[PDB]
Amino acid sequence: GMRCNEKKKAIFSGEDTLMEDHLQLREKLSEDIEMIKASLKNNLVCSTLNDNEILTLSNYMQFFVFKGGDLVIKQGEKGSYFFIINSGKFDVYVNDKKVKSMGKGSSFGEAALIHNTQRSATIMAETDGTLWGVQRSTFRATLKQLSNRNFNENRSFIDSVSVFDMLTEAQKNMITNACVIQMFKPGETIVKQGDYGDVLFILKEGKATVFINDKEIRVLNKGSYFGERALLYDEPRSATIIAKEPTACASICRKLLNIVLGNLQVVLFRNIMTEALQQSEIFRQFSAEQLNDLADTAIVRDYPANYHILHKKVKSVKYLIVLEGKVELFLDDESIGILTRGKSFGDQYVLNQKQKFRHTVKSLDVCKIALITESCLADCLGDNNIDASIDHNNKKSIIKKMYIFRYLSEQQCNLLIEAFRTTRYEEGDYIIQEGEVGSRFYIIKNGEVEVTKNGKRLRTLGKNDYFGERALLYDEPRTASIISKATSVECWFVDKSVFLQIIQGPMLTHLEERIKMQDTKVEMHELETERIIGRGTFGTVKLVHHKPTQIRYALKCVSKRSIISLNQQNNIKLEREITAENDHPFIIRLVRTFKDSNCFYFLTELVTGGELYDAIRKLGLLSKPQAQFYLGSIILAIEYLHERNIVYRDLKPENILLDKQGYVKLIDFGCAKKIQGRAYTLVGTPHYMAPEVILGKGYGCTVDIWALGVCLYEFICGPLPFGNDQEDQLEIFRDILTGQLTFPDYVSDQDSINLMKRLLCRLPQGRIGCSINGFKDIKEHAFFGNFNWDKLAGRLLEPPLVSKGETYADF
């Protein structure tokens, strides 16, 4: 009997432990449910909830039994429970001194339902008595599931309604939030025949009876819906729908749809038309707005079968799209194809404005056609020279994808496009030879080229690819060569001298410094720490000097003991991901991340102009131009992130630095997350936190827009709009949820107030910037009426403050 010689390991291991001692089963009677339902209707977070949601919460409450002289909660212990007193008396001890005495009906431990907070007073049981109670985890999880199943349920019913079929993913999700649940008991008329109603209804649970002229036509089941046409048109109800058993309906109103989405026909058509236009390689390079304008101004026409829609008698049509039916195309007498639903024709005539229309288009059956005329293109492009404008725009689409040109003013970008010269190359011509100093940026018009270095091939590039952009910013040897790998390769190109006549010092300095810093490789041993520029529980931030290039950087150290202690294992990598991917001028730019036995490193550009927190405090109350500049700058950064499905979640002046030139840099992406569906976790700084985060029913990127309104209020008015005096988190959230927004008598600008009120709208659906148009509604608001957004991005504005000298306070 031999023994095992190789090793088996041992197994290892506050307020929730105590309540387990008092926990007990008890069947909930009618007297209990009604006192819970009463007590929750007066609660801070639960007051907004409907009866079915409060009924669900009431059942998750648990019974706890106490003898006299028993401890419930202790002042200093971490807070986790909320209580409604069922029987007996309970005394409240603050600093070991009796303040109050509570009986049946009263509640305590309110703040636990929002966050883990330290208890203020010690509650003790005077007599023998019992508590109804619920824990945060259970309360938040229940709130999550209620709102989240509601959303997913409603989105399926949106997907089942045919009128929404041509909405995009993002459009369908946005109208899902406009759904309102409406309950009907038996006997109740949902809709009456003859009324001009503007509401779609969808049966989730139950059954209803349909009456036309007081006669039973049919019965409707869970899934059935009615009122699609009521969202498009003013038309009377064809029937009287009456509920037969207790029923629950999801519903969209046209009034809220118009606020959220705009006109439904206009939005639907724009999608149909955008999809049809994108099948052409020409319109594929148009902007979303340009395609939307073509959709809004397109002539739409119904034709009978065997009709000559176009015949070489043409009404200046350049492009044709089939919406319904079929048409046959002819060149003289030869059929060249049949276009069905969604297909289109005319690329040849869109490109060549002056060409005679040689084709014939004959309807095969009854059809609906959209027609884009010569004027419809000119009004879209803003120019009567269509061929030149399409060409100009083709080039613009190429360069707007590059950082170097993306943020230049439209006037500068146009000038630069106009300056493009064209040249041709024989096969085997060295367009660029490595080692030589370049002065030209190229875009390939026609053909192919092959990139090489020290002999070996690296890549192959073709129509609309580009190369050599660095030569515009630097005087340096070309790292690779570019050989022509086709017969008659044509390139557009622009000289450095022309680029320097267009771009001005500030933008040029920004590009010079930025492109260079990522280019230069870095190792830890090459960096010397000059001085510490930031401290905290996270770790430290050092100002560092790179010996080889002499470029100065910033190096954040995140201690490993900090991350593993608070269970932020998965979060530090998601921060690395987000922080590395950001490539916007008003967001901090990462260079590289290093790994270490002690701390996680982040190396970024050095920002020398200090925090915005201090800048506004030097300025005092900001004027209209100054608030426009800073808020405008924050808007561009947040918009960039929202387009990449990132919600920032911690917007405050502290997290915004200023550079040498006085332009903003967003930092600290610790609270930031890649949004996939609805977020529920409670994060951020309480004074800037949106009411939808606090209420636990789901939030998205809209929270950063609330915070924007908080910042604007600080800029114009001075103090915070909510809980300015307050230190207790509970009383801040209370002021955020139910407090009054007021504005000082010295705030004389109507438009400023209007914007602040609309950014600080509690319900997101009514919050400016949160509809389908996104930030467009903020940017076009009267407050920004004289503000050139174009010049902000391109560094062509005088900023409010320029710092004299420097200012400081897988991996």
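The first residue of the sequence shown is number 1, and the count goes up from there. Each form is matched to the other, and the largest set of C-alpha atoms that superpose within 1.5 Å is called the rigid core.
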property: Higher-deviation stretch (C-alpha RMS, rigid core fit) in 5 other deposited structures of this protein, choosing from 519-527 and 343-351; result: 519-527
property: Between 607-615 and 490-498, the one whose CA atoms sit farther away in 5 other deposited structures of this protein (rigid core aligned); result: 607-615
property: Other compared entries missing residue 327, a third or more; result: no
property: Entries skipping residue 313: at least a third of other ones; result: yes
property: Residue 312-residue 313 interval: deposited residues absent from the model; result: 1 to 3
property: Interresidue gap class [residue 13, residue 14; deposited sequence, unmodelled]; result: 4 to 9
property: Residue range whose averaged C-alpha B-factor is higher in the record, 20-28 or 793-801; result: 20-28
property: 211-219 or 717-725, whichever carries the higher mean Cα B-factor; result: 211-219
property: Out of 395, 424, 649, 525, highest CA B-factor residue; result: 525
property: Residue with highest C-alpha B-factor in the PDB entry, from 308, 89, 301, 478; result: 89
property: Third assignment of residue 284 from its chain's C-alpha B-factors; result: middle
property: Third of the chain's Cα B-factor distribution that residue 93 belongs to, per the entry; result: highest
property: Third assignment of residue 772 from its chain's C-alpha B-factors; result: middle
property: Cα B factor band for residue 206 (lowest, middle or highest third within the chain); result: highest
property: Cα B factor band for residue 149 (lowest, middle or highest third within the chain); result: middle
